[PDB]
Amino acid sequence: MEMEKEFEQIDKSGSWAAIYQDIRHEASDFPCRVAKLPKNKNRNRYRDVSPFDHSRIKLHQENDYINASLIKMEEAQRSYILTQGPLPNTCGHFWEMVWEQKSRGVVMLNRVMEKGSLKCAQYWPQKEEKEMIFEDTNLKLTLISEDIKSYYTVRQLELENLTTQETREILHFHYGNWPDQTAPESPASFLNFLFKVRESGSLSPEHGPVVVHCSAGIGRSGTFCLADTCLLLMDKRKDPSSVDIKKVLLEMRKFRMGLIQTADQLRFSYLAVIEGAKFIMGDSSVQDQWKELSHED
Ligand SMILES: [Mg+2]
Ligand SMILES: [Mg+2]
Ligand SMILES: [Mg+2]
Ligand SMILES: [Mg+2]
């Protein structure tokens with residue numbers, strides 16, 4: 001409620017840049033000493049995007065480094081793992097993390113090729129008959145089925161620990177038309193996708209944290225997690241007025257640097273949370289309107 005008042009004030013004064021820059025100025029600064037060790041330089045996609053030591057995900061091998069952060073939202077009681085798009089040499093590490101952390105969903109917000117460059121390795125199989133074996137981490141990954149919609153794809157993957165022969169279903173939610181440094185095309189399209197992730201059960205507290213990534217794992221990934229956390233806070237309290245979006249973002253930034261990369265992504269987060277509030281507060285039919293407005297079919 002007060003977020004909507006604030007939204008119109010900021011819009012009327014045209015001060016989204018200033019609001020966003022103040023968040024950048026106030027954001028936490030913690031050491032990333034492990035990420036900057038020389039032996040880990042080839043495990044980082046971007047020189048300037050590193051996990052803090054205190055919140056980094058540790059692999060359970062005896063080099064434990066992956067560029068990934070546990071965003072542990074204590075008040076909302078939901079956690080997320082935000083990570084970079086894996087590199088050709090860290091795809092085994094990526095799936096090892098998925099296994100060890102007991103995640104059941106992977107949210108991919110980027111394409112492997114963007115703006116003429118490779119922003120993420122091809123870390124999952126594109127054909128049923130060409131499964132992937134990660135020899136370094138003793139994991140096998142098979143495409144089971146996929147559901148291709150107009151702007152996103154949902155894939156059913158089977159991940160097998162070859163040491164124990166345990167298998168798990170992993171759901172892959174792949175957003176197709178959300179470029180870096182931009183907001184999604186519409187709140188409807190974004191919320192339709194977010195609530196597809198929610199409906200899957202992948203965010204259940206009975207599972208490990210969902211894994212969310214884009215190329216760097218901070219911009220689109222931070223936008224996704226900020227919207228979800230704000231909606232969850234509002235949901236637990238049944239009180240949209242009680243949510244302070246900038247406070248929530250600053251809290252998320254205690255766990256990973258740079259979350260939300262542009263002022264328009266911050267503005268979009270307000271838009272998405274204000275619209276999603278309608279569903280949270282009991283206008284259930286609005287979810288059907290998002291699906292129609294998203295033209296997913
Ligand atoms: Mg506010
Ligand atoms: Mg097992
Ligand atoms: Mg892009
Ligand atoms: Mg934009």
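Each residue takes its place number in the sequence, starting with 1. In each ligand, atom 1 is the first atom listed, and ligand 1 is the first ligand listed.
- Comment: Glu199 does not engage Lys291 in a salt bridge, judged by the lack of any side-chain N to carboxylate O separation of less than 4.0 angstrom.
- No hydrogens or angles considered: a donor-acceptor pair under 3.5 Å links the side chains of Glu169 and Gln156.
- The Mg ion (ligand 4) lies closest to atom OD2 when only the N/O/S atoms of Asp264 are considered.
- Less than 6.0 angstrom separates the ring centroid of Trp16 from the ring centroid of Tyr270.
- Between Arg198 and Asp228 the shortest side-chain heavy-atom distance falls below 4.5 Å.
- Proximity of the aromatic rings of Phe224 and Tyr175 is defined here by a centroid distance below 6.0 angstrom, and this criterion is not met.
- Here 2 is the count of protein N, O or S atoms positioned under 2.8 Å from the Mg ion (ligand 2), waters not counted.
- Between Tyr152 and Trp178, the distance separating the two ring centers is not shorter than 6.0 angstrom.
- Salt-bridge check for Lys246 with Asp22: failed, with every basic side-chain N at 4.0 Å or more from each acidic carboxylate O.
- Taking 2.8 Å as the threshold, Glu6 counts as a candidate ligand of the Mg ion (ligand 1), since one of its N, O or S atoms lies below it.
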